[PDB]
Amino acid sequence: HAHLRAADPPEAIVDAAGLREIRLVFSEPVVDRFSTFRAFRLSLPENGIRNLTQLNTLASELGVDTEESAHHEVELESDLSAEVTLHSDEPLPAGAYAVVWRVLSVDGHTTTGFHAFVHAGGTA
Amino acid sequence: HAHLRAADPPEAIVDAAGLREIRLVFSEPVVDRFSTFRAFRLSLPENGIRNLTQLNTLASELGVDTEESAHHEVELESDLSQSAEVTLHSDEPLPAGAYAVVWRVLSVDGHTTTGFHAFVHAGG
Amino acid sequence: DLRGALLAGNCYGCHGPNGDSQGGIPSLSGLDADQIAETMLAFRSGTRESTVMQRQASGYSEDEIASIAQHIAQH
Amino acid sequence: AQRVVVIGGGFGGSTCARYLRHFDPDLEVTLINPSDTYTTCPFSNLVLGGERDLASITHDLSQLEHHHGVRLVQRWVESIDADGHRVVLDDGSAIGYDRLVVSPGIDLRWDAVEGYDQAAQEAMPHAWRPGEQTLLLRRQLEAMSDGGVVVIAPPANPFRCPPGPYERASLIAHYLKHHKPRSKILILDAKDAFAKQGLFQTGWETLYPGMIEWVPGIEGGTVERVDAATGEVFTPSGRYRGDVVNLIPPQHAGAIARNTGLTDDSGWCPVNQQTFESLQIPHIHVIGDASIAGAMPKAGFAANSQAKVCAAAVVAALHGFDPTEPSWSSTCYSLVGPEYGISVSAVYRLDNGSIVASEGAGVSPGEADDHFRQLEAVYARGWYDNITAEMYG
Ligand SMILES: *Cc1cc2c(cc1C)nc1c(=O)[nH]c(=O)nc-1n2C[C@H](O)[C@H](O)[C@H](O)COP(=O)(O)OP(=O)(O)OC[C@H]1O[C@@H](n2cnc3c(N)ncnc32)[C@H](O)[C@@H]1O
Ligand code: HEC
Ligand SMILES: [Cu+2]
């Protein structure tokens with residue numbers, strides 16, 4: 001069904017100066033009305049995180065059905081035909097990010113997943 | 001030989017909203033008059049880094065000596081005569097980024113060493 | 001003549017030494033002038049669909065196709 | 001008994017040696033090559049993609065002596081005595097020639113991409129000469145952890161096998177897709193266009209969607225500097241890091257051609273377009289990648305093609321007859337995936353003293369079905385086994 005094949009920003013730590021959008025690419029197209037994307041800026045532990053496994057651990061805590069959580073959600077206007085670009089008006093501030101989805105293909109199958117990254121600031 | 005035994009921020013990705021203080025703890029005390037400390041926000045590769053080994057590699061091209069480089073220096077104030085506990089200040093807080101602290105230090109044992117410490121300041 | 005040999009030599013590049021294919025691409029050796037010429041021209045105009053034979057076949061004139069045809073069957 | 005000495009046992013030389021004996025079996029033909037064996041750069045991408053090993057693309061030259069009576073010398077040619085019509089070897093011995101065929105292939109320009117000298121090739125392999133390097137790069141791809149980035153940096157024209165880097169991407173992708181599905185490929189190109197671009201990109205979209213990013217020179221794709229220590233490539237669009245990086249530097253003619261004075265300013269060898277006799281040292285012929293052959297790509301098929309015309313021309317010159325009118329063909333097959341093949345193909349013809357493609361030449365059709373791609377894949381393996389049979393059977 002609808003798996004993620006590529007993401008921008010990549011699953012890496014990056015200098016994404018004022019990142020105003022996140023771009024996702026799926027294996028086949030994805031039905032708009034029925035599919036929901038949410039993005040969370042991660043609140044990292046006191047001790048911090050030592051690697052990407054731990055960031056991916058920290059993101060898998062989240063999900064589309066998630067009400068109370070440690071992390072701060074971000075307002076994204078979505079634009080869906082297999083590439084999705086989540087938009088924010090405001091440029092995103094520095095942070096470890098998670099994007100999370102429930103996504104309907106045209107065969108009626110649902111697929112959930114996440115894509116996490118670290119935006120480490122920088123300037124225009 | 002004065003080696004780094006501990007540091008804060010530690011070697012990780014951390015949310016550190018207003019970071020003004022970087023702390024180094026060395027294995028022996030260290031001579032103020034003959035020790036230098038510098039600090040840089042690392043300008044990451046376009047496609048970013050994927051772990052801490054890559055933070056370190058990138059950080060290690062710098063050192064107390066370096067001149068013009070890809071990276072951007074953050075002016076610091078040493079706070080120390082002899083001490084195993086070095087504390088580094090900036091008036092304003094630090095923007096988010098990958099940072100490298102590089103030193104040349106005289107131990108009380110008479111030996112000069114150089115080294116670096118790197119962390120990722122995610123904001124907060 | 002060498003003229004015909006050079007026109008023909010390149011066919012062995014894909015079709016194997018003196019038309020003996022190791023496989024995939026068909027063999028050439030067990031065919032006579034007439035068959036070769038008649039299908040070169042067939043590939044050339046489109047009549048016979050090719051993956052690459054028209055690209056190759058179109059590179060030759062009708063005269064050259066006859067020389068090539070002769071030389072492969074003779075040899 | 002008249003003598004022809006051929007330098008090199010690759011696509012050009014071995015084909016030349018065989019055809020020389022076919023065209024005049026009265027010649028004392030000696031072919032000189034450092035080794036009893038030859039590994040093909042063609043199909044080495046399938047080694048990188050873990051479909052075969054180096055043995056399966058290595059061939060014995062012994063057949064040339066055993067069957068076609070070409071004396072096979074396993075030495076390096078160090079020097080060419082053009083006047084004394086002799087060739088000096090690494091062992092100090094000499095071998096005399098009435099006519100010399102030089103087909104040495106390519107060398108990598110070590111002074112061209114800042115950072116990339118002979119020493120950089122262990123960490124940042126080119127693999128544009130096959131064997132040791134192919135092996136090094138594959139071992140890198142095997143050790144790379146899932147989720148890593150392979151960087152492929154092809155050079156500006158002209159270079160050996162213009163689609164080759166894009167098939168390399170394709171097949172590395174094939175290996176990544178089945179073993180390391182998170183992994184990414186990033187092409188930092190010096191050029192704003194590549195061979196069979198439409199075809200490769202459609203192939204990538206359908207076999208490896210999202211795996212492969214291509215950055216042209218015009219968008220800051222050009223490699224200005226590399227750091228072999230750190231897996232870092234420097235470009236006008238910024239610094240990039242690769243977990244594996246395949247740097248492919250600009251190229252020139254093999255040492256023997258350069259050192260002997262057969263090359264001109266460009267680092268390639270100008271040659272009579274009809275006879276492939278060197279426009280610089282009479283009685284030496286230059287074929288293959290080392291030659292300047294008009295329209296003809298620096299490809300294995302071209303070398304083999306040039307070899308035939310050349311054999312014919314040297315027998316012409318040795319028996320005091322005018323050279324004949326020549327014919328060539330070249331076809332570069334690329335495997336986008338093991339069962340997805342594409343081709344660029346042409347017949348060649350002298351036209352105003354320049355080698356030129358005939359009408360009809362072209363790349364595979366744009367809007368074709370899966371069966372078509374599968375067939376061209378089958379035919380690629382056909383070509384490979386066939387052409388090597390011709391050279392080494
Ligand atoms: C790197 C590459 C090349 C390639 C390809 C894919 C890759 C990854 N795919 C191809 C394809 O699909 N179709 C095709 O037609 N060509 C393809 N190629 C290109 C092909 O490798 C070259 O264009 C071809 O090798 C050129 O032939 P040439 O005869 O010009 O060069 P060579 O085969 O490397 O042979 C040179 C030999 O001579 C020996 N040598 C060199 N100098 C000396 C001296 N001084 N003394 C003695 N021997 C010498 C070399 O050792 C070598 O064996
Ligand atoms: C002279 C230079 C050449 C002659 C004469 C022929 N060929 Fe080829 N050839 C090639 C392929 C892959 C095929 C299968 C058809 C296709 O898909 O395009 C062929 C087919 C032929 C046939 C028909 C054979 C049959 O048994 O039906 C004939 C008579 C033939 N070819 C003659 C491939 C190539 C190639 C690849 C690089 C070259 C240079 C040539 N052929 C050249 C000649
Ligand atoms: Cu000491």
# chains A, B, ... in the order shown; residues from 1 in each chain; ligands from 1
$ residues_around --residues "residue 64 (chain B)" --least-positions-apart "4" --cutoff "7 Å" --atoms "only C-alpha atoms" --output "tab-separated table (two decimals) with N, CA, C and O atoms, in the first residue's frame"
chain	number	residue	atom	x	y	z
B	36	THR	N	43.99	28.19	25.90
B	36	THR	CA	42.97	28.85	25.04
B	36	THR	C	41.80	27.94	24.68
B	36	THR	O	41.96	26.74	24.46
B	37	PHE	N	40.63	28.58	24.63
B	37	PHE	CA	39.36	27.97	24.30
B	37	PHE	C	38.67	28.76	23.19
B	37	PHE	O	38.61	29.99	23.23
B	38	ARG	N	38.19	28.06	22.16
B	38	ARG	CA	37.39	28.68	21.11
B	38	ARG	C	36.16	27.82	20.83
B	38	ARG	O	36.10	26.63	21.21
B	102	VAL	N	36.94	23.93	20.86
B	102	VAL	CA	38.32	23.45	20.67
B	102	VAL	C	39.27	24.14	21.65
B	102	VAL	O	39.13	25.34	21.94
B	103	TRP	N	40.24	23.39	22.16
B	103	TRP	CA	41.21	23.98	23.08
B	103	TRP	C	42.66	23.65	22.80
B	103	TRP	O	42.93	22.73	22.04
B	104	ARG	N	43.55	24.47	23.37
B	104	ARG	CA	44.95	24.13	23.72
B	104	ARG	C	45.07	24.42	25.22
B	104	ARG	O	44.81	25.56	25.65
$ residues_near_ligand --ligand "ligand 2" --cutoff "8 Å" --atoms "only C-alpha atoms and all ligand atoms" --output "PyMOL selection string"
(chain C and resi 7-15+24-28+31+35-37+39-40+43+49-54+56-57+65+68-69+72) or (chain D and resi 329-333+345+375-376+379-380+382-383)
$ atom_distance --atom1 "CA of residue 3 (chain C)" --atom2 "CA of residue 75 (chain C)"
14.4 Å
$ closest_atom_pairs --of "region 16-118 of chain A" --to "region 211-227 of chain D" --cutoff "12 Å" --atoms "only C-alpha atoms" --output "CSV"
residue,atom,partner,partner_atom,distance
A:25,CA,D:211,CA,10.3
A:26,CA,D:211,CA,11.3
A:27,CA,D:211,CA,10.9
$ write_last_selection --atoms "C-alpha atoms" --output "PDB file, in the first residue's frame"
ATOM      1  CA  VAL A  25       7.110  11.077  -1.385  1.00  0.00           C
ATOM      2  CA  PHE A  26       5.144   7.816  -1.246  1.00  0.00           C
ATOM      3  CA  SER A  27       5.323   4.552  -3.282  1.00  0.00           C
TER       4      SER A  27
END
$ atom_distance --atom1 "CA of residue 77 (chain D)" --atom2 "CA of residue 35 (chain D)"
11.9 Å
$ select_by_dssp --residues "region 56-106 of chain A" --states "strand (DSSP E or B)" --output "PyMOL selection string"
chain A and resi 72-74+77-79+83-87+95-104
$ atom_distance --atom1 "CA of residue 103 (chain D)" --atom2 "CA of residue 283 (chain D)"
14.1 Å
$ residues_near_ligand --ligand "ligand 1" --cutoff "7 Å" --atoms "only C-alpha atoms and all ligand atoms" --output "PyMOL selection string"
chain D and resi 7-13+32-34+38+40-45+75-78+103-106+127-130+160-161+164-165+168+254-256+287-290+298-303+330-334
$ residues_near_ligand --ligand "ligand 3" --cutoff "10 Å" --atoms "only C-alpha atoms and all ligand atoms" --output "MDAnalysis selection string"
chainID B and resid 1:3 28 106:113
$ select_by_dssp --residues "chain C" --states "alpha helix (DSSP H)" --output "ChimeraX atom specification"
/C:2-15,33-45,53-57,62-74
$ write_last_selection --atoms "C-alpha atoms" --output "PDB file, in the first residue's frame"
ATOM      1  CA  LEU C   2      38.031  -5.819 -47.025  1.00  0.00           C
ATOM      2  CA  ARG C   3      35.190  -3.387 -47.777  1.00  0.00           C
ATOM      3  CA  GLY C   4      32.622  -6.164 -47.229  1.00  0.00           C
ATOM      4  CA  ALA C   5      34.562  -7.522 -44.287  1.00  0.00           C
ATOM      5  CA  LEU C   6      34.389  -4.148 -42.474  1.00  0.00           C
ATOM      6  CA  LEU C   7      30.678  -3.692 -43.260  1.00  0.00           C
ATOM      7  CA  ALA C   8      30.031  -7.158 -41.883  1.00  0.00           C
ATOM      8  CA  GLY C   9      32.570  -7.356 -38.974  1.00  0.00           C
ATOM      9  CA  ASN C  10      30.465  -5.139 -36.725  1.00  0.00           C
ATOM     10  CA  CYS C  11      27.556  -7.592 -36.850  1.00  0.00           C
ATOM     11  CA  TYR C  12      29.718 -10.099 -35.044  1.00  0.00           C
ATOM     12  CA  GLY C  13      30.052  -7.519 -32.252  1.00  0.00           C
ATOM     13  CA  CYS C  14      26.505  -8.414 -31.096  1.00  0.00           C
ATOM     14  CA  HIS C  15      25.812 -11.580 -33.098  1.00  0.00           C
ATOM     15  CA  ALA C  33      22.337 -13.852 -48.189  1.00  0.00           C
ATOM     16  CA  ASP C  34      18.719 -13.571 -49.214  1.00  0.00           C
ATOM     17  CA  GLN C  35      17.334 -14.044 -45.674  1.00  0.00           C
ATOM     18  CA  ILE C  36      19.800 -11.584 -44.194  1.00  0.00           C
ATOM     19  CA  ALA C  37      19.243  -8.906 -46.845  1.00  0.00           C
ATOM     20  CA  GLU C  38      15.459  -9.343 -46.889  1.00  0.00           C
ATOM     21  CA  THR C  39      15.184  -8.837 -43.088  1.00  0.00           C
ATOM     22  CA  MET C  40      17.795  -6.074 -42.813  1.00  0.00           C
ATOM     23  CA  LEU C  41      15.539  -4.113 -45.180  1.00  0.00           C
ATOM     24  CA  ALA C  42      12.465  -5.312 -43.204  1.00  0.00           C
ATOM     25  CA  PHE C  43      13.949  -3.917 -39.968  1.00  0.00           C
ATOM     26  CA  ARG C  44      15.063  -0.801 -41.799  1.00  0.00           C
ATOM     27  CA  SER C  45      11.579   0.290 -42.988  1.00  0.00           C
ATOM     28  CA  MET C  53      17.956  -3.663 -35.475  1.00  0.00           C
ATOM     29  CA  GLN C  54      16.361  -0.664 -37.189  1.00  0.00           C
ATOM     30  CA  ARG C  55      18.839   1.654 -35.439  1.00  0.00           C
ATOM     31  CA  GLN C  56      21.607  -0.478 -36.920  1.00  0.00           C
ATOM     32  CA  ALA C  57      19.976  -1.479 -40.271  1.00  0.00           C
ATOM     33  CA  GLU C  62      20.746  -1.016 -49.892  1.00  0.00           C
ATOM     34  CA  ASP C  63      24.095  -1.739 -51.631  1.00  0.00           C
ATOM     35  CA  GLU C  64      25.925  -2.176 -48.330  1.00  0.00           C
ATOM     36  CA  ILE C  65      23.122  -4.449 -47.028  1.00  0.00           C
ATOM     37  CA  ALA C  66      23.742  -6.734 -50.057  1.00  0.00           C
ATOM     38  CA  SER C  67      27.528  -6.804 -49.376  1.00  0.00           C
ATOM     39  CA  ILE C  68      26.899  -7.567 -45.674  1.00  0.00           C
ATOM     40  CA  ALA C  69      24.344 -10.225 -46.572  1.00  0.00           C
ATOM     41  CA  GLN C  70      26.707 -12.001 -49.029  1.00  0.00           C
ATOM     42  CA  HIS C  71      29.801 -11.850 -46.796  1.00  0.00           C
ATOM     43  CA  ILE C  72      28.107 -13.328 -43.679  1.00  0.00           C
ATOM     44  CA  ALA C  73      26.520 -16.278 -45.572  1.00  0.00           C
ATOM     45  CA  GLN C  74      29.686 -16.925 -47.705  1.00  0.00           C
TER      46      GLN C  74
END
$ interface_residues --of "chain D" --to "chain C" --cutoff "6 Å" --atoms "only C-alpha atoms" --output "list in words"
residues 327, 347, 358, 359, 360, 361, 378, 379, 382, 383, 386, 387 and 390 of chain D
$ closest_atom_pairs --of "chain B" --to "chain D" --cutoff "9 Å" --atoms "only C-alpha atoms" --output "Markdown table"
| residue | atom | partner | partner_atom | distance |
| --- | --- | --- | --- | --- |
| B:44 | CA | D:239 | CA | 8.0 |
| B:45 | CA | D:240 | CA | 4.9 |
| B:46 | CA | D:240 | CA | 5.6 |
| B:47 | CA | D:240 | CA | 6.1 |
| B:48 | CA | D:241 | CA | 7.5 |
| B:49 | CA | D:241 | CA | 7.8 |
| B:50 | CA | D:148 | CA | 8.3 |
| B:54 | CA | D:230 | CA | 8.8 |
| B:57 | CA | D:230 | CA | 7.2 |
| B:58 | CA | D:230 | CA | 8.0 |
$ closest_atom_pairs --of "region 17-47 of chain B" --to "region 98-122 of chain A" --cutoff "10 Å" --atoms "only C-alpha atoms" --output "Markdown table"
| residue | atom | partner | partner_atom | distance |
| --- | --- | --- | --- | --- |
| B:41 | CA | A:122 | CA | 8.9 |
| B:42 | CA | A:122 | CA | 9.4 |
| B:43 | CA | A:122 | CA | 7.7 |
| B:44 | CA | A:120 | CA | 9.1 |
$ write_last_selection --atoms "N, CA, C and O atoms" --output "short mmCIF file (atom, residue, chain, number, x, y, z; two decimals), in the first residue's frame"
data_model
loop_
_atom_site.label_atom_id
_atom_site.label_comp_id
_atom_site.auth_asym_id
_atom_site.auth_seq_id
_atom_site.Cartn_x
_atom_site.Cartn_y
_atom_site.Cartn_z
N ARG B 41 29.84 27.54 15.82
CA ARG B 41 28.69 26.89 15.27
C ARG B 41 29.14 26.21 13.98
O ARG B 41 29.67 26.88 13.10
N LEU B 42 28.96 24.90 13.90
CA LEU B 42 29.29 24.11 12.69
C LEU B 42 28.24 24.33 11.60
O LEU B 42 27.03 24.23 11.88
N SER B 43 28.68 24.69 10.39
CA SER B 43 27.77 24.73 9.24
C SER B 43 27.79 23.38 8.56
O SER B 43 28.75 23.02 7.87
N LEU B 44 26.71 22.64 8.80
CA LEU B 44 26.60 21.23 8.45
C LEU B 44 26.60 21.00 6.93
O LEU B 44 26.39 21.94 6.18
#
$ closest_atom_pairs --of "chain D" --to "chain A" --cutoff "9 Å" --atoms "only C-alpha atoms" --output "tab-separated table"
residue	atom	partner	partner_atom	distance
D:147	CA	A:11	CA	8.4
D:181	CA	A:5	CA	8.6
D:182	CA	A:5	CA	7.8
D:184	CA	A:6	CA	8.7
D:208	CA	A:5	CA	8.7
D:209	CA	A:5	CA	6.7
D:210	CA	A:6	CA	5.0
D:211	CA	A:6	CA	7.0
$ closest_residue --among "D:31, D:98, D:354, D:342" --to "residue 166 (chain D)" --atoms "only C-alpha atoms"
D:342
$ residues_around --residues "residue 93 (chain B)" --least-positions-apart "6" --cutoff "9 Å" --atoms "only C-alpha atoms" --output "list in words"
residues 17, 18, 19, 20 and 21 of chain B
$ write_last_selection --atoms "N, CA and C atoms" --output "mmCIF file, in the first residue's frame"
data_model
loop_
_atom_site.group_PDB
_atom_site.id
_atom_site.type_symbol
_atom_site.label_atom_id
_atom_site.label_comp_id
_atom_site.auth_asym_id
_atom_site.auth_seq_id
_atom_site.Cartn_x
_atom_site.Cartn_y
_atom_site.Cartn_z
ATOM 1 N N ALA B 17 17.294 26.023 25.538
ATOM 2 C CA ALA B 17 16.659 27.284 25.131
ATOM 3 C C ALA B 17 17.615 28.495 25.141
ATOM 4 N N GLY B 18 17.976 28.934 26.346
ATOM 5 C CA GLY B 18 18.990 29.955 26.548
ATOM 6 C C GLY B 18 20.241 29.260 27.040
ATOM 7 N N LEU B 19 21.171 29.033 26.119
ATOM 8 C CA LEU B 19 22.474 28.511 26.459
ATOM 9 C C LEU B 19 23.428 29.689 26.442
ATOM 10 N N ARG B 20 24.026 29.945 27.609
ATOM 11 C CA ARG B 20 25.018 31.015 27.784
ATOM 12 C C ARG B 20 26.357 30.476 28.394
ATOM 13 N N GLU B 21 26.239 29.341 29.093
ATOM 14 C CA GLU B 21 27.299 28.635 29.805
ATOM 15 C C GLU B 21 27.682 27.271 29.181
#
$ interface_residues --of "chain B" --to "chain A" --cutoff "6 Å" --atoms "only C-alpha atoms" --output "ChimeraX atom specification"
/B:12-14,48-51,96-97,122-123
